[PDB]
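A.B. asks: here come the first chain(s), positioned as in the complex:
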Amino acid sequence: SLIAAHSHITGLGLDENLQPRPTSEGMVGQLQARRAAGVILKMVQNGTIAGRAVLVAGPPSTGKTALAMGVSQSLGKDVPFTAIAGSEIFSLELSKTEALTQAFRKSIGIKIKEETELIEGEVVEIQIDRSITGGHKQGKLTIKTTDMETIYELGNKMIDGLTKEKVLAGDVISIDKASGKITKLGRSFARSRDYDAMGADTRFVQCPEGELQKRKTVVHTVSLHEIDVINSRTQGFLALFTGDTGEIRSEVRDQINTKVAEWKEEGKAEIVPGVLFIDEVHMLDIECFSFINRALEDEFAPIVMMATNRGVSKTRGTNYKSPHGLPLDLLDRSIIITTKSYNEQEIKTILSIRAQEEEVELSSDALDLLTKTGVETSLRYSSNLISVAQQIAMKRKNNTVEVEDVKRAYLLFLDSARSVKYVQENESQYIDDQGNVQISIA
Amino acid sequence: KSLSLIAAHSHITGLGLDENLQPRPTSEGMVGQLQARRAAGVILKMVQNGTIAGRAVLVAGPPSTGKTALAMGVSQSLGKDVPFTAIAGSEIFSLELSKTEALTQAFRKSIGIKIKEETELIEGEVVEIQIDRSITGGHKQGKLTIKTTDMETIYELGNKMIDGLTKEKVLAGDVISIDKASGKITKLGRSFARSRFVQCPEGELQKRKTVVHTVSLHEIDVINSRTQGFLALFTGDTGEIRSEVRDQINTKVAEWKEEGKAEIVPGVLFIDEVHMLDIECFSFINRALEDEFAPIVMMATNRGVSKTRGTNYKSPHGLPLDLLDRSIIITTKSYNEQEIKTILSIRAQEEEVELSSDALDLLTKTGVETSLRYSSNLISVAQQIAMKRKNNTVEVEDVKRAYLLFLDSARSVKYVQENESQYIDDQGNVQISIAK
Amino acid sequence: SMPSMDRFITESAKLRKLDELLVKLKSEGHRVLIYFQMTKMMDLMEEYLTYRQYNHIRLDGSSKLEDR
Amino acid sequence: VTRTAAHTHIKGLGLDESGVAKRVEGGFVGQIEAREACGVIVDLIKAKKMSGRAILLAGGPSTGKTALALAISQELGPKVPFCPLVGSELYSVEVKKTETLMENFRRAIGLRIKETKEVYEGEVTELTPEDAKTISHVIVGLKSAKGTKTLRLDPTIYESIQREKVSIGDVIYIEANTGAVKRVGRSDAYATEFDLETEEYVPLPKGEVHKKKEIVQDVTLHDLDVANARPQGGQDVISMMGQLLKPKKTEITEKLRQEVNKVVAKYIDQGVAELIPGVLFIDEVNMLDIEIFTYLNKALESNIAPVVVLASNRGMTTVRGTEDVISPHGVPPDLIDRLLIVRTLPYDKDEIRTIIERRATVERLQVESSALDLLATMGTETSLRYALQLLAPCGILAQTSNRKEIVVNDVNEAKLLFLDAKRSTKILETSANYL
């Protein structure tokens, strides 16, 4: 992929005692929040308790989404991490509670164990009997290895898998019984007489030896929401991609819960919980908070992580002000992690890490100037200036960003404060709140 | 039929009136409100005459003073076959129908059409069925012996009767009913032969039965509109029926009325909590009452000089003066202690609760102190406390225990107001910790 | 949905543990006798064996004297 | 017997041949100038030359506006289209309000078609198809009580015949122009072939086999617009169960309306059709949004727009959808510049008495003359509508005591039982808990 904003973070940077190293795994500073996030990560990996709400709060440009990305990178594969924004709940197709229920159920994974049989051999004879219209298909398949020789019976899906990537009586194929996958490994016979239509340029492999049929055990992870969408109607596997799953009824959900408990009892399946991350949680109505207050108390609930940057602001859907934009019912049943602002040394380390990520070589004086201008202005502006000064650096044909490149990039592009200063100086040229402007210069 | 546990108006069997439209002091489960009962009897005679249409009657009064009970008494005294549509005020705010369309569908469900037709049926007990079939089934010969308690016969069977008899498999001793024209055969069960269970029919085998159908105008509007079938009467997605089909139905009904093939019956549309309607609904109702195919509309409200919905001014009963000019108003009053005691006695006899006299006096005192509905609700939960200590009759201390356990409004308001720091106020400020 | 066979085996803990022991007993390649006390307790166990397609024969009170 | 509902004592404007209103004529009492203006408007509509003319009649509540509109509709006759409407009916949740306004505009332009109905019916006695796998034709011989008739038929009708499962001896119904085939049932002559049967048996038709009739079809332009713009497709003649996909209303384009106008203009020039413009009546016009008021200005300047009649009972009132626009009758002034306003005056005592006597005569009630003056005094004190609506409880209370004449005791009893708005408001003010 490309280079993103949080592409330099691989994990949380913790030792075996859950003590954060100062400069490791792309995360610097913020030791208390990193220790708390490691505690939350170990709580998730324990898998015992459910329905805990964690809130990350602080000023802007502090490392909140960086902390969530570090937690998701330390989580690893096969554990679902659903990351959504606050504005994605509002839809013209589903209600708010239905979208919240789907986002909750996307973060619970079910690990299902299956028994399969693998067949690898050389094809000898293929007989395919089809009706006149081509609908009803059946036939026999004679496959061999160097020791055995077996005749199998074919269904419709097997004939469809054979007539795609067409096997020509001497190819070495591999068939998975439980998955229905046919893979053409290559041709071993290398027949001379061939029709001049297809390529048939497959690689030369050997005929396999030994047992024709081998038993195997496979596992796979399927989310709960996938099972609800699949069992919702006839073509739910299409609705898993088209997103046309309109307001699944509650009876489907409780029958799925009963079947999941039955599968856990039988030893077939095991439940793997995950993390649901809601960035910018303050853009939610009070009805969404009221639904979350009851959805957190279920057994099938993931660890919900919320991030916000608001102070004492107005809760959406009401007419009063609350801390973090959240009502006190949600703040009572949630645990708060507080992030703190940086020094100049952490800013310098962040800028050095981001310059190393973008393959940009900086001089020491350029790094000091960027550190100073990231102390004065925001950190994100000095982070964004690096690639611009880099392109200016090959515009004068040297592969090292000097002080003059940073000065030119500071000259061409503006801050938040300088644009405010220019607008307040030349208010007559911009359209104000009442729609007044002065276009003519005479 | 008509399964029901116990309703809040289940003790009302109709208006208690004599032949001279005077109310008895206690009859058919209704106590008190003699002027309201007399006015409702006048409205009932207005409906039963059926010679005028489109009249609005408003029932207004304080809450929990016989408003919905009067409508239930009118509906029980109306009898069957006459339509009665009872909707709420907030039911017309749909998502796939406009408000005027929902009001039109509610209006046209209260006018019925009476059609009488006669059919022929063959009902009896099957004695013996003899079926002869070929190898290929090209031809089939059939003999059926059927009987009642008065006659015996044997029928030579055709092909389609044989195919309709092997489908819906009948044997000897069954009681079946056959329609000749449509070919529908209904198994009524088995006869009284032990060797569900239905007595054998008597009289003639081929009877001529006349049935009287009552079809609302809305059903004919749905059926005649070709966009949806008759299943829209059950699924409910009629979806904005046009006006030309309604005009055709009105002209055809007026054409059938002259030739004597059909009769018009009018009904009552009851709109409970009419103050929840919007101003545009009131403006549609102002013109919907001036039509020949309009029922008698009864509206109920308890608002006094409230804000009209959709406007910014206050109006009496929450209704604009144009609608109040077209209506006649029935006013209900509050109850004394004897009316409350009689109503509590009737509700005690309805729920099969045995009450002591002192418990009845305590319930009457706490009914005139707080509310009628609170004392009505206390009886069924006092009976469980009575049964818990293995006693049948409800005593005084059981009512006192139920008063101690379940709170009323006036005590709960005071308990909230003394401890306002523990609850969420209008500003979202609450205190959860006990100390400090 | 037809009554399943795996469920027939997982709702009884004794039958489940017997299946777990019999898997390694068959992997060892052995010979095994099982004693019972009820008619249907071996009638269902025959169904379990035919699910497992194991070679088995039965001797009980209803058996004739020649079969023994 | 007869149902009377707030009207139907109005049979017309009661004008003479010179357009001068008599005082008591056509069920109208008083209101000379408004009736004469409505007669002029009726003559203008019967002229059938102008398009998009709009009038508005304004006054107080219960003063005779809707009665005047229904009198206009009675004066024009039944062949002229008349679409009644309330202003709140334009807000639909399926299409925009401008589309509904254009639909109600095109619902008020009619057509007259001369047609001929030809019907064959009777018992089938011969069904001999002829080929040249494809049938060339089929010969059907019908039979009734007055004789037989032998007809040739194309195979298209033969496919409909074998759709209906028609054999020898069934009574059928064939329309010559449209090709409709209906099977009535088996004949009564074949009722004894079996003792028990599934077929139904009907007698022979007593009339002739061949019947002819002249009919006149009345359609509107909106019906043609609906019939040419079905979104899913066509439908069969018989469909007791609806479509699997629900067809909702759609925004019909201008191109379809232009093509419909072209086809109708071609059919008019051959003398087949006849164009009858009509009246679109909108009551309670103050319940319209400013957007519908703006689109009405465009719709009134078309070449096919009918005569529009509006009613309102507001004074200086803010327009709905705006904030600080005050205009008379709740109608914006740019629209007000396009109509003619007809004033409608209130009533004094004796006309109220005469109207009460008229409604008593229509409702088949006998009122004593002593009770009539008390009813008129009650009507002047409270409302005309309150006095009019109190006649039927008075009649029922008189009939209860075995009297066929209204006695003033019944009027006092009906006053005591049923209240008006003012006494109910006085109860509302002098009360403690929610009435």
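C.D. replies: Nice, I can see it. Residues are numbered from 1 along each chain as shown, chains lettered A, B, ... in the order given.
A.B. asks: I figured residue D:315 hits residue D:327, correct?
C.D. replies: No - under the criterion of CB atoms under 8 Å, residue D:315 makes no contact with residue D:327, lying 10.4 Å away. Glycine gets a C-beta too; all of them are placed from N, C-alpha and C.
A.B. asks: contacting residues for the closest residue to residue D:317 other than its chain neighbours?
C.D. replies: Distance criterion CB to CB, 6 or more residues apart in numbering or on different chains; nearest residue to residue D:317, sequence neighbours excluded, is residue D:330 at 4.5 Å. The neighbours of residue D:330, taking CB atoms under 8 Å, 6 or more residues apart in numbering or on different chains as the test, are D:285, D:286, D:312, D:314, D:317, D:318, D:319, D:320.
A.B. asks: secondary structure element holding the residue in chain C that chain D sits nearest to?
C.D. replies: When distances are taken as CB to the nearest CB, chain C approaches chain D most closely through residue C:1, which lies 28.8 Å from it. Residue C:1 is part of no helix or strand, with elements assigned from DSSP states H and E.
A.B. asks: add chain E to the structure above:
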Amino acid sequence: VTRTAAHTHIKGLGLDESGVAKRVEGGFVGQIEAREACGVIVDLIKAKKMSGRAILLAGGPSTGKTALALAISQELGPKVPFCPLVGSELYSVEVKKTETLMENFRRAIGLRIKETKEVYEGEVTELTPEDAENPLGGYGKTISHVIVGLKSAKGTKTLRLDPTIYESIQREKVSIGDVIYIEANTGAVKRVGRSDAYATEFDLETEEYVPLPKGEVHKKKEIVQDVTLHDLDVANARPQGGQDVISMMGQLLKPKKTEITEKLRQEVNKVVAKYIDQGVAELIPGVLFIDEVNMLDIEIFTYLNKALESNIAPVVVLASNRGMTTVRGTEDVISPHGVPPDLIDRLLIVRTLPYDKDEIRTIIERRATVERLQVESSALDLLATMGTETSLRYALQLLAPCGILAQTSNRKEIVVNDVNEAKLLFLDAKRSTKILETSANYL
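C.D. replies: The block that follows adds chain E to the chains above:
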């Protein structure tokens, strides 16, 4: 081993046979009067006579309102239906809130039906159709009959199938040698699997092998089903289950909620009353639970006023934690608990009380027992003092980070240092608000 989430330490109300609540049993501590009132309500529900009764649970935040409703649901048992709702769930974009409220009202009335099925089953041995005279005649199907030969244990039958049954037979893709299952009530066919009388290891489609069915081919069996009235309503509204064209196309279209008319409900009520009168049905009314009732607006309250006065509606349990709050959808009315006074007049309010220090301490002790943690006595005293000082829920949710911090130090017990470190790492609402007050740029 097991999953715990904010509950499941509660197994019931914990009463004796006289209805007197113990101080600590059944997972409950305190709240004696509320538990006794809920026991009276439980007996009223088990009486199965009343209809449209309602109670309201009023109290502060974190006092045990949802816990009492879950205890009622556990004391009733799984046979009695129980429909838990939140107040925000009634606003849907497919159908109006009135229909959703009526749907949840009808979803809480159960029914138990003894159902008789006519069943043909066996192993397919012969599958022979015969043709029509003119297949291209336009009207009528291609075939006329299908001869099916079924073999079961100790029996063998032959059937001449209708073509309409054969559409469902061939839609299941049966063949010779398959064990099938035909249900004569609806015409539905289930293909069980290949017969085990033939070979097994020569298949490639992971099929299931089944022995022959016992007994005769033609059977009649009795089946006890549990069905709510809402299930019958949505079955009749969207008909899937026949063999006709409409029932076949009903399974393929996208489902959508529709406004079910009252005529269908009256017909369903008539059929259910006939089933009860025949003696094959039993009616089980249930409980509908609406938590956070203050999220409803005035229109749903006004419809609920009508819906409680029907003769079918179940017992409704509400909950709220507002003192004197304006009702949503209004401007200036003020009512207790956000519930309008006309609805308040039909309720029975059950008051709920806050806890003390000792009750907080024993609740912390029991929840530490449930989560399988060992807590020292001084740490338990500090946790109880913290719960009195800040919140019960904050002291509840700090147990598991304390356990994690104890486990990272290679220990089993929880000591004071872990509680202090969890205090320093994790904050509550009051300290976060105090930080936000003394903040620089809206922290």
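A.B. asks: for the one residue in chain C that gets nearest to chain B, give me its contacts.
C.D. replies: With CB to the nearest CB as the measure, residue C:2 is the residue of chain C nearest to chain B, at 26.2 Å. By CB under 8 Å, 6+ apart, the contact set of residue C:2 is E:181, E:190, E:192, E:210.
A.B. asks: narrow the residues you listed to just the buried residues.
C.D. replies: Buried residues within those, defined by neighbour count using 16 or more other CB atoms under 10 Å in any protein chain shown: E:181, E:192, E:210.
A.B. asks: got a markdown table for the residues you listed, with secondary structure too?
C.D. replies: Below are these laid out as a markdown table (DSSP: H, G, I helix; E, B strand; the rest coil):
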| residue | secondary structure |
| --- | --- |
| E:181 | strand |
| E:192 | strand |
| E:210 | strand |
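A.B. asks: from those, which is closest to chain D?
C.D. replies: Ranked by distance to chain D (CB to the nearest CB), the buried ones among the contacts of residue C:2 are led by residue E:181 at 29.5 Å.
A.B. asks: and the residue of chain C closest to chain B, how far from residue E:208?
C.D. replies: Here residue C:2 is placed at a distance of 10 Å from residue E:208 (CB to CB, to the nearest Å).
A.B. asks: the following sequence is to be added as DNA strand F:
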DNA sequence: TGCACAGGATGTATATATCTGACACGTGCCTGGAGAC
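C.D. replies: So that you can see how it sits with the rest, here is DNA strand F on the chains above:
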């Protein structure tokens, strides 16, 4: 002198296990009923 409580004895309940016990079905055969005059 009488009564109440506790301990022992015995009935029993319901699925077994052996285990007969008297019944209903799958093959020969020959002669007498059916077709023809």
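A.B. asks: how about stretch A:242-252 and chain E, touching?
C.D. replies: Yes - applying CB under 8 Å from any CB of the partner chain, one finds stretch A:242-252 in contact with chain E at A:244, A:246, A:247, A:251.
A.B. asks: so what's the residue in chain D that chain C sits nearest to closest to, chain neighbours aside?
C.D. replies: Using CB to the nearest CB, the closest approach of chain D to chain C is made by residue D:244 at 28.8 Å. Of all residues beyond its chain neighbours, the one nearest residue D:244 is residue E:249 (5.1 Å), with distances taken as CB to CB, 6+ apart.
A.B. asks: tell me the centre residue of chain C?
C.D. replies: For chain C, residue C:45 is the residue whose C-alpha lies nearest the centre (CA atoms, centre = their mean; 3.3 Å).
A.B. asks: am I right that it sits in a helix?
C.D. replies: Yes - inclusion of residue C:45 in a helix is indicated when three-state DSSP is applied.
A.B. asks: related to what we said a few turns ago, which PyMOL command selects the buried ones in the residues of stretch A:242-252 next to chain E?
C.D. replies: Restricted to the buried members of the residues of stretch A:242-252 next to chain E, where burial is judged by 16+ other CB under 10 Å, the PyMOL selection command reads as follows:
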select buried, chain A and resi 246+247
